[PDB]
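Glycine also receives a Cβ, built like all others from the backbone with ideal geometry; neighbour counts cover every protein chain displayed. None of the figures in this text is laboratory data; all of them are computed from the coordinates on show.
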Amino acid sequence: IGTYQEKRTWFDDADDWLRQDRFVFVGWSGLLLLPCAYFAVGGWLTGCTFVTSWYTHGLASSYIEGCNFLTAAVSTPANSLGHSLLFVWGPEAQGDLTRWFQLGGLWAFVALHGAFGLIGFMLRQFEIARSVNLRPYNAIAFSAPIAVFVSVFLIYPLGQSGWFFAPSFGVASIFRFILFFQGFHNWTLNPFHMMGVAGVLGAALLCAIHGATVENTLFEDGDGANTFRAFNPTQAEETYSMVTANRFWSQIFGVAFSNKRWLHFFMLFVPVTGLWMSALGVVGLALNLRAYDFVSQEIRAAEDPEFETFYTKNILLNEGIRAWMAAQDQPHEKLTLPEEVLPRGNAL
Amino acid sequence: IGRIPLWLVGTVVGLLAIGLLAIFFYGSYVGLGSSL
Amino acid sequence: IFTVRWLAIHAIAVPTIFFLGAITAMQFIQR
Amino acid sequence: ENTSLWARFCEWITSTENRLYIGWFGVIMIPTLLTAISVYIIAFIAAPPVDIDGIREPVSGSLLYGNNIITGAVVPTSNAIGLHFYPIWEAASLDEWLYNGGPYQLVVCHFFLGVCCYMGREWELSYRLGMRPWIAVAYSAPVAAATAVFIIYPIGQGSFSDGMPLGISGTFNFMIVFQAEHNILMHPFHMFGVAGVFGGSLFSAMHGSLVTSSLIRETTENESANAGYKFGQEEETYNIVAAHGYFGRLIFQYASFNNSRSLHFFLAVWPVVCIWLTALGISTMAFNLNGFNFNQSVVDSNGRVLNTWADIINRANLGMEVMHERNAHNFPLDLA
Amino acid sequence: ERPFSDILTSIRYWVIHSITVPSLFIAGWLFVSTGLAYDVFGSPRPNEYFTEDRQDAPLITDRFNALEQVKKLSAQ
Amino acid sequence: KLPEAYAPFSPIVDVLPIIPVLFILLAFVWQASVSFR
Amino acid sequence: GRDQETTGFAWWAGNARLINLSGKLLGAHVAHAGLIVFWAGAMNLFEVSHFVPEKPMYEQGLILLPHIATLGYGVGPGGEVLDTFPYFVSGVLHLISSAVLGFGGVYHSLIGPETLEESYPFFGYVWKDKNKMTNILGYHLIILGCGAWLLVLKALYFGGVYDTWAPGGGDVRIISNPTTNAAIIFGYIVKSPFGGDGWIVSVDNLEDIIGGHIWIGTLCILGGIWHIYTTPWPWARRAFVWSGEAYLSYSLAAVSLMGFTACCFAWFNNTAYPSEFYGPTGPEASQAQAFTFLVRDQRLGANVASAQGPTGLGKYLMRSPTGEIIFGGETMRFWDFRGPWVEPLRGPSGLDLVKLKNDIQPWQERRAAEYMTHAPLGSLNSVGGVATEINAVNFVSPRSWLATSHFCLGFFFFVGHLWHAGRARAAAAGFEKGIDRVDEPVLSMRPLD
Amino acid sequence: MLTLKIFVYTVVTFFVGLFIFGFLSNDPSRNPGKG
Amino acid sequence: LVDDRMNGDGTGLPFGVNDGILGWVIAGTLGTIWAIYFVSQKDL
Ligand code: CLA
Ligand code: CLA
Ligand code: CLA
Ligand code: CLA
Ligand code: CLA
Ligand SMILES: CC1=C(/C=C/C(C)=C/C=C/C(C)=C/C=C/C=C(C)/C=C/C=C(C)/C=C/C2=C(C)CCCC2(C)C)C(C)(C)CCC1
Ligand SMILES: CC1=C(/C=C/C(C)=C/C=CC(/C)=C/C=C/C=C(C)/C=C/C=C(C)/C=C/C2=C(C)CCCC2(C)C)C(C)(C)CCC1
Ligand SMILES: CC1=C(/C=C/C(C)=C/C=CC(/C)=C/C=C/C=C(C)/C=C/C=C(C)/C=C/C2=C(C)CCCC2(C)C)C(C)(C)CCC1
Ligand SMILES: [Cl-]
Ligand SMILES: [Cl-]
Ligand SMILES: [Fe+2]
Ligand code: NA
């Protein structure tokens, strides 16, 4: 490199064989990404098929006990296991693979392999962008799935009592995680979650509205009723009228884009910043640092037996969730609550 | 080398796939996890 | 054979057909 | 010939030279939307407490009654009215019009007409500008969702008191009560909808990053990269084929969009069709078709029920259910 | 170059796969038909989620002797 | 249940509803067979 | 058929290739009508194969057998099924008819003439011949008018129709003297669709139903003759679009309207959709639960006129906002329900206390209890009850299924109307393919947007 | 109170009639394109 | 009665018209808009 001799070494040979264009690009990140990602996805497919959640949660959570696609999950370890890494060789499994599946070790397997697979995938984006000589804005846009995954699947259970409170990899298990955050953390009320929701909704809006605008401002290049064949990707001319689009959205909405680079950076910026602020909120909830209560309104409702709002209704709904969910969701607490102390409404 | 049609291959594969999901939706009502 | 394409296809295809067989088998396991 | 009074008014209305296009759908969209905006602002500021439940207890809902921006909400019409049309002129006075939930039903009717004519006005401006006309179709998905939550769910449930309250914590209340009653989380249409917003965000990040990653060098390091684009230029401002090559060797060489019009069609159609499916999910659950019910599906050889994740979801649902309408039930079944 | 239009249209492809794909499928068939999945991954059979000693869902409630606690809460 | 004459024809009654879905799938089969021209 | 090169339409828009091919278009339509008749017959035979007589029809997942039974086939007093043979007859007749229609569609699609104007000028049309298009429209209005008069004849002279308002609990009735008053008939049409009025969903007697059918059959026949003998006026020419896609978009808007109104009919109406066949309506189930618990708490020695609820507003009886006596609880929202087991108990002041006390009937109370246990709340696994219930009742109401699916179809067809109205307008305008790139209208306008 | 209903009926009828006759006033001819 | 209402809820009135002045003003407004639309014709 740089008018220097640079005698060919084993590193440069392996780099030449790895950074080549083929069916699937391996690179150096493929030394990490392909095994970690393959093991994480295969472990989830194995756990949703054969691995039970009977000894960690007292639930049936695989296709072998009769569960469908939505209810099977790779479930978190027992809360008594805390934040143990659940090695197959460690103090708990002690080398026995079968007892390692039953102990909740497959969740730790899938979580660690998935996290390092996410690292490998971002590094893969980095090396492909460097090889093609393109900017790594795809990696920067992928930084938000990694922030969300780390904050929810590692930072949050690390802040809580153990991996048991991490989300279990499944459909209904994720729904359970969401409902638990509603009942216990009041995660809707948190402004960081609100910024995340606004980011996702605005990004879906941006996706739909950008696609529709581009395809309803297309130039002709036609002689045929199908427009997809009016595009030939080796051309130095735009396909759609940015001027027509700007005029249309200016007179419909009041404001409209006039810079494509700013438009596409905005399409990057809205969901990424939304997921980053949502991840910051989940990190706040990891410590039970919550946006649960409005003290002034709550004092006002306490001192006025006639003042209810949808906020106080949500607080009562949350308490109902907690008391009716705790006994079967947190079995380590042995909550043998009698049915007379469970809070309910009338009749029903 | 291009003897069997790709469309015939794909149609057979799609039949096998729809048969698999149909067996899956059939056995949601019998056997394990059927609630009877 | 044994190309990178063959490895990448097979690492998913072989366990896919194996687990599909398992799910079809235990799909007829009755209570 | 352009002399007549209807000619002057008509060419003013269809004029593309106005700062905001009005048009024939605009002659309805503008007055309905200003009506809904005026009533919504005045009600959010100082609406007296509204009896949502029909049981002689009101929910305050307005800032002047001690609510902050997160809590404040235009509270739906009373349960006693049901789907009955309740205009101001039908009520005895403005005060009891307010107490029975008049501002909500007014704002929701005007918002329906406003979004429908906003869609028509979108089509109209595209027609007047020589455009293709399907931005109205793409906008029909948030309109579908708005109708589903403000009118279609009240028609299915029998009262505007089940509509979404016009507020933040009121919206959260609507979501929690709705999941309690219908299990939206386990409804496939809501699964498609969630996949729609997650995909809309995913492909929004993907499209933005691939275009920003391929912008052709035109400016210096000390200037905004946006300054490399001038409005009205005809050159392609990014390397589409290079972004294709990057995307192909990143995911799949052959399963990558080699057509920019194909990419933008997927961008337009994916969240739009998914929001169509989730709006129809809300409509299906208006007529009580509900989500997937897997409560006590899995049983052992003895017939003893094994709890599952869907059963923990159900326990959370019972918690949500036994708190919505804490005093409005006289009967055990929630058939209302 | 084998662009998937030649492989998926090749009788050579379909003669070395008409045995391997059904072979793996029937291998998966017998893997859970003969209970090897139950042996390997430790998922319980329908008659063995509960013993006489305990009539409730298991609780590991331990960390360092959790191996023998799963050994005693499982089905022997 | 079908009338006493048509009782053994109940199995071929039982498959007849799905035929229009088979028709749209057949349109796609034909388009695949003509190479999606 | 054609390809992308010869037409400009891709395979996923292939039917557009046959917009201007009259014979192939006719073949596609006839084959499609064969599919609709085929589904009607095949599903009718499937239902009568899976029908069970000791259960009511709303418990077996039936959507066509209730439709046949409302015409007065195989059912007698009480809505009880007496013969599945008329249903069998309808199913097999439709299946044979679909064979004939399918042959016609396949023939005209495959080897029929490509365009009909060069050989059969009577059926030959182009989308701009407004005279010919109104002739076709007129023929179809006479056809639909004969369908409506066929129903009128069925109600008048061919066994009548099932009347759920007949005394005793519903029975097939010969309709005599249907209402012909235009005020009564079109008051339904110009009625508000809100609560208590419900537009034309609140039609509540077969007298109004059959009279409106007499009315609509005569208008359809008259308008058909008018359309055969006229051409659209210049205002109609200046306002409408005259492409086949435009006619399609008009039809799409109209049938989306029909789908939405069909959803509301199935959900609310109980005289064209009797509850004996379709299950109770939404209001019917809640009012039924209130009514049952009212009579049980009369049998357990308690006064229901008194005994206010936990909010002090009344456990069993209360006042509607308009002043009458209604059932207490959340079912007050359904206070405008009207059914065959509440009207004999309703006085001028709403529910009458002495009539509720003494003039009860056993058939009304068992109908109410059965409607209470079979409310239109279920999951899409067909798991009856609210989302918090157990997998123990395999039941979802046909009213739920019909209203659900037809709202979905009505909405998607409104969206299709949007798509086609836009594409027809832009195709008549000339920029259905995009902007000219040299004569772009936006560059010719003033600055500042 | 009836007065407000009369005035609102006038408003809605006026705007709906404006919409109706605005679209009746040769709207498909207000395209910018050729023909 | 403790107050006065238009008590027009329900009863299915044509276009919600409870006094004929509403129908006459609907007729008048549509009629005068049709009148201006008709006198301003033979244009474009
Ligand atoms: C992309 C490669 C990769 C990566 C990054 C990981 C990463 C991880 N794996 Mg893993 N794994 C992989 C591939 C990979 N794996 C493959 C291919 C297999 C199949 C065999 C497995 C099977 C596997 C199992 C069964 C388990 C893991 C587990 C783990 C986690 C903890 C492992 C650990 O702590 O030991 C780390 C190991 C090292 C750091 C190796 C260091 C070697 C040094 C550099 C050499 C020095 C040794 C030398 C001989 C010392 C002698 C001294 C003498 C010379 C003087 C971790 C996140 C555990 C887990 O999932 O937890 C739940 C677990 O039980 N993996
Ligand atoms: C209701 C569904 C329907 C119907 C009635 C039609 C009808 C038609 N299509 Mg079409 N199509 C459909 C759906 C449908 N399509 C869908 C969903 C797609 C998207 C995949 C397409 C995409 C498409 C394209 C791209 C094209 C058509 C074309 C055509 C026309 C001629 C076909 C032809 O002759 O080529 C030959 C077809 C065959 C030789 C297949 C024969 C199979 C037969 C018809 C099936 C019926 C057999 C039946 C079981 C036996 C009953 C007989 C008796 C016992 C009753 C025809 C009128 C072509 C056209 O526009 O014409 C100019 C054309 O280019 N279609
Ligand atoms: C739209 C009208 C309609 C309605 C209201 C019904 C209603 C009903 N049907 Mg029926 N059916 C219909 C049309 C209809 N059907 C058609 C067109 C067919 C031919 C395929 C059938 C064939 C049929 C059979 C064979 C049976 C029924 C049965 C039933 C009953 C139970 C339904 C059930 O639980 O299934 C489950 C519900 C679903 C499967 C809903 C699916 C959701 C949608 C449709 C699919 C998802 C779309 C996807 C997300 C979007 C992709 C877009 C694009 C990529 C394609 C119920 C009353 C059963 C019965 O009770 O018999 C008496 C029964 O055995 N139906
Ligand atoms: C569904 C069948 C059908 C269809 C598709 C058409 C279609 C058409 N008719 Mg027609 N007509 C029909 C049935 C039908 N008609 C019947 C059954 C009759 C007998 C009563 C007539 C009598 C008739 C006459 C006298 C005329 C037409 C005319 C026309 C043409 C222009 C109409 C127009 O401007 O649109 C829409 C019309 C309007 C927007 C203004 C109409 C005023 C309202 C909408 C009528 C309904 C009143 C009601 C209170 C409105 C609210 C109803 C709502 C709440 C449901 C058009 C092609 C005209 C023509 O061009 O002559 C050739 C014309 O002169 N028709
Ligand atoms: C009587 C109604 C009707 C008729 C005659 C037409 C006719 C036509 N349409 Mg159209 N359309 C309609 C309704 C109708 N449409 C509706 C309701 C929608 C929904 C918004 C659309 C959306 C639409 C689009 C986007 C396009 C057309 C196009 C076309 C033209 C070519 C169609 C073709 O070959 O596509 C091929 C057929 C297929 C690809 C098969 C479609 C497969 C669908 C998606 C599966 C749906 C099944 C699923 C179970 C539905 C469940 C939904 C829910 C209820 C559960 C043709 C003239 C094209 C066009 O404009 O050409 C000029 C085109 O671009 N249509
Ligand atoms: C054009 C075309 C097409 C087609 C379409 C269609 C639609 C067709 C059709 C057709 C049809 C629509 C047909 C039908 C038929 C029918 C038949 C063939 C029948 C029959 C009969 C029988 C044999 C029966 C019997 C019975 C009885 C009588 C009773 C008892 C039971 C039983 C079943 C035994 C497609 C899309 C593909 C593609 C494109 C082209
Ligand atoms: C999606 C797609 C595809 C496809 C797939 C598939 C797989 C399909 C299918 C399909 C199918 C699967 C079809 C079938 C068919 C059939 C038909 C259509 C028929 C018929 C017939 C009839 C009509 C009947 C009749 C009768 C009666 C009526 C009675 C008795 C007698 C008899 C039986 C005769 C592919 C991948 C390629 C490509 C891409 C796209
Ligand atoms: C059977 C029956 C009945 C009867 C019924 C009836 C008689 C009906 C009718 C009705 C009618 C009689 C209707 C009418 C209508 C109309 C419509 C629905 C329309 C439309 C359209 C449109 C939307 C338009 C648009 C436009 C304008 C604005 C102007 C011109 C141009 C254009 C196109 C732009 C009753 C219920 C009694 C009972 C039950 C059964
Ligand atoms: Cl609540
Ligand atoms: Cl209640
Ligand atoms: Fe772009
Ligand atoms: Na309660």
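Quick notes on this one:
- Within straight-line reach of E:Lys72, meaning a Cα separation under 18 Å, sit the following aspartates and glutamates at least 8 residues removed in sequence or on another chain: A:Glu92, A:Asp96, E:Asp39, E:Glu48, E:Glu52, E:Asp53, E:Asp56, E:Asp62.
- Taking the fewest neighbouring Cβ atoms within 10 Å as the starting point, the ordered list for E:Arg45, G:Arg367 is E:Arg45, G:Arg367.
- Rounded to the nearest 20, the Cβ-based charge dipole of chain A about its Cα centre (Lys and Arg +1, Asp and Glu -1) stands at 460 debye.
- Neighbour counting of Cβ atoms within 10 Å sorts the residues A:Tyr55, D:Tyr118, G:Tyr157, fewest neighbours leading, into G:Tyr157, D:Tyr118, A:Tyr55.
- Surrounding net charge for F:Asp14, when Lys and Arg each add one and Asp and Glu each subtract one, Cβ distance under 14 Å: 0
- Dipole axis of chain D (+1 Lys, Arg; -1 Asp, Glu on Cβ), positive-most option in D:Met119, D:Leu333, D:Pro188: D:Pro188
- Counted charge near G:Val203, where neighbours are those whose Cβ lies closer than 12 Å (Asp, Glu -1; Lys, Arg +1): -2
- Farthest positive-ward along chain D dipole, Cα basis, beta-carbon charges - from D:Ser213, D:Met320, D:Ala7: D:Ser213
- Database remark: amide H of D:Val59 closer than 5 angstrom to the amide H of D:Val50, D:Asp51, D:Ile52 (H placed geometrically; neighbours at sequence offset of 5 or more, or on other chains; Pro and chain starts carry no H).
- Only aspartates and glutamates eight or more places from I:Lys42 in sequence, or on another chain, were considered; those with a Cα closer than 13 Å are D:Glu1.
- Footprinting exposure proxy for D:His190, G:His140 (fewest neighbouring C-beta atoms within 10 Å first): G:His140, D:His190
- Shielding value for G:35-48 is 4, the average number of Cβ atoms from other chains within 10 Å of each residue's Cβ.
- DSSP beta bridges confined to chain G are antiparallel in about 90 percent of cases.
- Phi angles across segment D:304-314 convert, under the Karplus curve 6.51 cos²θ - 1.76 cosθ + 1.60 with θ = phi - 60°, into 3J(HN,Hα) values of 5, 6, 9, 4, 9, 4, 4, 6, 5, 4, 5 Hz, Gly and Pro given as x.
- Cα centroids of segment E:1-74 and segment D:87-120: 60 Å apart.
- Each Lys and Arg adds +1 at its Cβ and each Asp and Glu adds -1 at its Cβ; summed about the Cα centre, the protein assembly as shown shows a dipole of about 2100 debye.
- Computed 3J(HN,Hα) for segment D:74-87, one whole-Hz value per residue from the Karplus formula 6.51 cos²θ - 1.76 cosθ + 1.60 where θ = phi - 60°, is 6, 7, x, 5, 5, 6, 5, 6, x, 8, 4, 6, 10, x, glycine and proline marked x.
- Couplings 3J(HN,Hα) for segment A:277-294, derived from phi with the Karplus relation 6.51 cos²θ - 1.76 cosθ + 1.60 (θ = phi - 60°), are 5, 5, 5, 5, x, 5, 4, x, 6, 4, 9, 6, 8, 10, 9, 7, 10, 9 Hz, where x marks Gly and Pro.
- Amide H contacts under 5 Å for A:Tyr240, placed H, 5+ residues apart: A:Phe219
- Under-5 Å amide H pairs with G:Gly170, H placed in peptide plane, nonlocal only: G:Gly78
- Alpha-carbon centroids, segment G:128-189 and segment G:393-449: separation in whole Å: 33 Å
- Nitroxide proxy distance, nm - points 7 Å out along Cα→Cβ at D:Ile42 and G:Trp235: 3.7 nm
- For residues of G:392-405, the mean tally of beta carbons on other chains within 10 Å: 3
- The protein assembly as shown - share of DSSP beta bridges that are antiparallel (%, nearest 5): 85 percent
- Cα centroid of segment D:265-336 to Cα centroid of segment A:130-188, whole Å: 24 Å
- Considering only G:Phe122, G:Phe337, G:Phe46, the Gaussian network model of chain G with Cα springs below 10 Å gives its largest mean-square fluctuation to G:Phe122.
- The helix-only estimate of mean residue ellipticity at 222 nm for chain D, built from DSSP H runs of length n ≥ 4 each weighted as -39500 (n - 2.57), is -17000 deg cm²/dmol after division by the residue total.
- Degrees between helix G:244-268 axis and first principal axis of chain G (Cα, 0 to 90, nearest 10): 10 degrees
- Of A:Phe265, A:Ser241, A:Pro191, farthest towards positive along the dipole that unit charges on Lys, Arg, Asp, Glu beta carbons give segment A:155-305: A:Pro191
- Neighbour net charge for G:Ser49 - beta-carbon separation under 11 angstrom, K R +1, D E -1: -1
- With both labels modelled 7 Å from their Cα along Cα-to-Cβ, the D:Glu17 to C:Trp6 distance reads 7.3 nm.
- Exercise: per-residue mean of other protein chain Cβ atoms within 10 Å, G:353-363: 0
- With Cα atoms, 0 to 90° folded angle of helix G:85-110 axis to chain G main axis: 10 degrees
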